[PDB]
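S.K.: show me the folded form of this:
(one chain, ligands or ions: 2)
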Amino acid sequence: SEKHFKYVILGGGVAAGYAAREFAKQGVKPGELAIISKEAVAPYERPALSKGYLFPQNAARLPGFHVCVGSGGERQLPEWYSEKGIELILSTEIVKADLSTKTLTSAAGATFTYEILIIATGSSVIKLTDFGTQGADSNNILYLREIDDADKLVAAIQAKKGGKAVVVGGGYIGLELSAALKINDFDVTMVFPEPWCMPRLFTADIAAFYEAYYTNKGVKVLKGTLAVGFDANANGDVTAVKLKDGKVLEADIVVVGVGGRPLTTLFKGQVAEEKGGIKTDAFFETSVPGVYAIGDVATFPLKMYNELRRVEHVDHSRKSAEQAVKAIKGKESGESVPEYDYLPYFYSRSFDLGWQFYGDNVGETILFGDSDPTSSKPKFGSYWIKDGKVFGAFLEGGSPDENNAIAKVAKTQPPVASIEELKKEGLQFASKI
Ligand SMILES: Cc1cc2nc3c(=O)[nH]c(=O)nc-3n(C[C@H](O)[C@H](O)[C@H](O)COP(=O)(O)OP(=O)(O)OC[C@H]3O[C@@H](n4cnc5c(N)ncnc54)[C@H](O)[C@@H]3O)c2cc1C
Ligand SMILES: NC(=O)c1ccc[n+]([C@@H]2O[C@H](COP(=O)([O-])OP(=O)(O)OC[C@H]3O[C@@H](n4cnc5c(N)ncnc54)[C@H](O)[C@@H]3O)[C@@H](O)[C@H]2O)c1
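M.R.: Residues are numbered from 1 along each chain as shown. Ligands and ions are numbered 1, 2, ... in the order given. Below is the structure in question.
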């Protein structure tokens, strides 16, 4: 009954799917590796859940977006794993991890042993019920982290067709959700307390473009307020959203985007933690030899900024997954592996927009380009200047070359003698580098 594998990746997300591609490249043998996931499907490109998955027509659907298509790689269907002798253990939640005995136990009591462990458990979605919010347990108050959550949302959009939606949260998930609900023909109201949307990255100037663009699209942006409770009917279904300011919004469906946290509960005490995640070295190895932490759960050395960091980027999930397998196989062969040198890269898409950010959002900012929301193809960016150098670069509506140019600016940190002249140059500055 108990199963044994040389390597076990715990989790079936983006990092797990990309670690498995790296294993096949490294020559993994039949029977050696297993991926244990609580989801009923093979690893897939998570960012698709708040994008094409929510389309009313010609939506993204599995098996279409299984990894590694999101980065231009080959689709890894369930057949890809079985045909390689990679054991895909689905619908299995590991409720107990004993690192000292190298044994994991599933919710059904089944046990599994490994020689090497890769922790790719990602993040769990924050819910309003965690806060103890009045009426937050009403039906049709939905979240979006996994494909079952996406399927519940796609069912609710269909059941509540042409109704009222309230989106709680002003991050990029709130933005992508509001845009999705609007392209599905809902009356949409977006609620968040910050003085502008995407507060952890957008400047007031960048936010103003997206707020105006969403307003033109019919989305009602309600900044400076917070959802404090909900009304429900006799079936327990949400009927309204109560706000801190006394306003009461009618709602047929509520979709919440209030963040996430690393899913490291199984390891508390057994591994060193820092900055919310499991601490790793430049090779994603934890304080326990042979136990690795990749993707969302990892607090790793961010080499170019000389500090430990934790990120929630799909690029980091893929790259960190490759780094760990290279470190594991390199130790088997005595081969040296260079340190993880990640350039922070984040992106978001909604409506006909699509932006990319590289580097670090620190220092003084300048906006450049065409930032008119009514333009047929808005193309505008922003630079962050710290210690007289470009530290961060943002671009909306860039071409693949223009996006590569701002990544090279954020990677090389070119000198800025004049911030006024840098704004004059604009996007031409990134191309002339
Ligand atoms: C809707 C959505 C949209 C996003 N859009 C973007 C975007 O546009 N750009 C971007 O850069 N990033 C985006 N992200 C973030 C990005 O997808 C994540 O950073 C990435 O998925 C993390 O990879 P991961 O493997 O660490 O985590 P996950 O993909 O979440 O993988 C974790 C896996 O482990 C499983 N698991 C957890 N605990 C257990 C357990 N105890 N037992 C068994 N299995 C377990 C989970 O079910 C899941 O399969 C988005 C995320 C979401 C939720
Ligand atoms: N990229 C990031 O900086 C970041 C930060 C946190 C989480 N995430 C992760 O990425 C995904 C996207 O998260 P995000 O960027 O949308 O989250 P976020 O942390 O950036 O923002 C959550 C939003 O919800 C708002 N909010 C909280 N309580 C509220 C209430 N009661 N009423 C109204 N608004 C309320 C917050 O003020 C904020 O605007 C998630 O899956 C999460 O795991 C990303």
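S.K.: what's around residue 351, how many residues?
M.R.: By the measure other Cβ atoms under 10 Å, the count of residues near residue 351 is 18. C-betas here are computed from N, CA, C, even on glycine.
S.K.: kindly report the same for residue 86.
M.R.: 23.
S.K.: so it touches residue 19, yeah?
M.R.: No: checked against Cβ atoms under 8 Å, the pair residue 86 and residue 19 is beyond contact range at 10.4 Å.
S.K.: in the stretch 201-350 of the chain, what residue comes closest to ligand 2?
M.R.: Taking Cβ to the nearest ligand atom as the measure, the point where the stretch 201-350 of the chain comes nearest ligand 2 is residue 260, at 2.2 Å.
S.K.: how about that residue, what does it touch?
M.R.: Going by Cβ atoms under 8 Å, 6 or more residues apart in numbering, residue 260 touches 123, 124, 125, 126, 145, 296, 312.
S.K.: which residue is the nearest non-sequential neighbour of it?
M.R.: Closest residue to residue 260 apart from its sequence neighbours, by Cβ to Cβ, 6 or more residues apart in numbering: residue 123 at 3.8 Å.
S.K.: quick one: contacts for the one you found?
M.R.: Residue 123 sits next to 145, 260, 261, 262, 263, 296, 297, 312 when contact means Cβ under 8 Å, 6+ apart.
S.K.: which helix or strand contains the third one?
M.R.: Right, the one you point to is residue 261. Using DSSP states H and E, residue 261 falls within strand 260-262.
S.K.: number of nearby residues for residue 352?
M.R.: Counted with other Cβ under 10 Å, residues neighbouring residue 352 total 12.
S.K.: how close does it sit to ligand 2?
M.R.: Going from residue 352 to ligand 2 by Cβ to the nearest ligand atom, to the nearest Å gives 20 Å.
S.K.: need the contacts of residue 123 in JSON lines (columns: distance to ligand 1).
M.R.: Output for those, formatted as JSON lines (distance: Cβ to the nearest ligand atom, whole Å):
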{"residue": "145", "distance to ligand 1": "5"}
{"residue": "260", "distance to ligand 1": "7"}
{"residue": "261", "distance to ligand 1": "11"}
{"residue": "262", "distance to ligand 1": "8"}
{"residue": "263", "distance to ligand 1": "5"}
{"residue": "296", "distance to ligand 1": "4"}
{"residue": "297", "distance to ligand 1": "6"}
{"residue": "312", "distance to ligand 1": "4"}
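S.K.: state the pair within these that is farthest apart.
M.R.: Greatest spacing in these, by Cβ to Cβ: 145 and 297 (14.2 Å).
S.K.: between these two, who's got more neighbours?
M.R.: Taking neighbours as other Cβ under 10 Å, residue 145 and residue 297 compare with residue 297 leading, 30 against 18.
S.K.: so who does the nearest residue to the more buried one once chain neighbours are set aside touch?
M.R.: Nearest non-adjacent residue to residue 297, counting by Cβ to Cβ, 6+ apart: residue 262, 4.3 Å away. Shown in contact with residue 262 (Cβ under 8 Å, 6+ apart): 121, 122, 123, 276, 277, 278, 296, 297, 310.
S.K.: which among those residues end up buried?
M.R.: Buried members of the contacts of residue 262, counted by 16 or more other Cβ atoms under 10 Å: 121, 122, 123, 277, 278, 296, 297, 310.
S.K.: hang on, the fourth one packs against residue 293?
M.R.: Yes: proximity of residue 277 to residue 293 meets the contact threshold set by Cβ under 8 Å, at 7.2 Å.
S.K.: one step back: any chance of the buried ones among the contacts of residue 262 in CSV, with secondary structure too?
M.R.: Putting these into CSV (DSSP: H, G, I helix; E, B strand; the rest coil) gives the following:
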residue, secondary structure
121, coil
122, coil
123, strand
277, strand
278, strand
296, helix
297, helix
310, coil
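S.K.: nearest to residue 136 among those residues?
M.R.: residue 123 (19.5 Å).
S.K.: mind listing what the closest residue to ligand 2 within the stretch 51-200 of the chain touches?
M.R.: Proximity of the stretch 51-200 of the chain to ligand 2 (Cβ to the nearest ligand atom) peaks at residue 171, 2.4 Å away. Contacts for residue 171 (Cβ under 8 Å, 6+ apart) come out as 192, 197, 198, 199, 200, 257, 259.
S.K.: apply 10 Å and report the result again.
M.R.: Applying Cβ atoms under 10 Å, 6 or more residues apart in numbering, we find residue 171 in contact with 177, 192, 194, 197-202, 257-259, 348.
S.K.: and those, which are buried?
M.R.: 177, 192, 194, 197, 198, 199, 201, 202, 257, 258, 348.
S.K.: and what about the first one, helix, strand or coil?
M.R.: Taking three-state DSSP as the rule, one finds residue 177 in the helix state.
S.K.: mind listing what's buried in the one helix or strand residue 320 maps to?
M.R.: Per DSSP H and E, residue 320 falls inside helix 314-333. Buried residues in helix 314-333, defined by neighbour count with 16+ other Cβ under 10 Å: 314-329, 331.
S.K.: next one: it to chain centre, how far?
M.R.: Distance, stretch centre to chain centre, for helix 314-333: 19 Å (Cα atoms, centre = their mean, to the nearest Å).
S.K.: name the helices or strands packed onto the next helix or strand after it?
M.R.: Remark: after helix 314-333, the chain's next helix or strand is strand 345-350, criterion DSSP H and E. The contact analysis (3 or more Cβ pairs under 10 Å, 6 or more residues apart in numbering; DSSP states H and E) places strand 345-350 against helix 172-183, helix 204-216, helix 314-333, strand 353-359, strand 389-396, helix 400-412.
S.K.: please repeat the previous calculation with a cut-off of 8 Å.
M.R.: helix 172-183, helix 314-333, strand 353-359 (3 or more Cβ pairs under 8 Å, 6 or more residues apart in numbering; DSSP states H and E).
S.K.: related to what we said a few turns ago, which residues does the residue nearest to residue 297 bridge with?
M.R.: residue 123 (DSSP bridges).
S.K.: just give me the neighbour total for residue 40.
M.R.: Residues lying near residue 40 (other Cβ under 10 Å) number 12.
S.K.: that one contacts residue 91, doesn't it?
M.R.: Yes: counting by Cβ under 8 Å, residue 40 does reach residue 91; the two are 4.9 Å apart.
S.K.: burial of residue 244, as a residue count?
M.R.: Counted with other Cβ under 10 Å, residue 244 comes out at 13.
S.K.: surely it and residue 224 touch.
M.R.: No: judged on Cβ under 8 Å, residue 244 makes no contact with residue 224 at a distance of 9.3 Å.
S.K.: before we move on, back to that, which one of the helices and strands packed on strand 345-350 lies nearest to residue 249?
M.R.: Shortest distance between residue 249 and the helices and strands packed on strand 345-350, using Cβ to Cβ, is found for helix 172-183: 13.5 Å.
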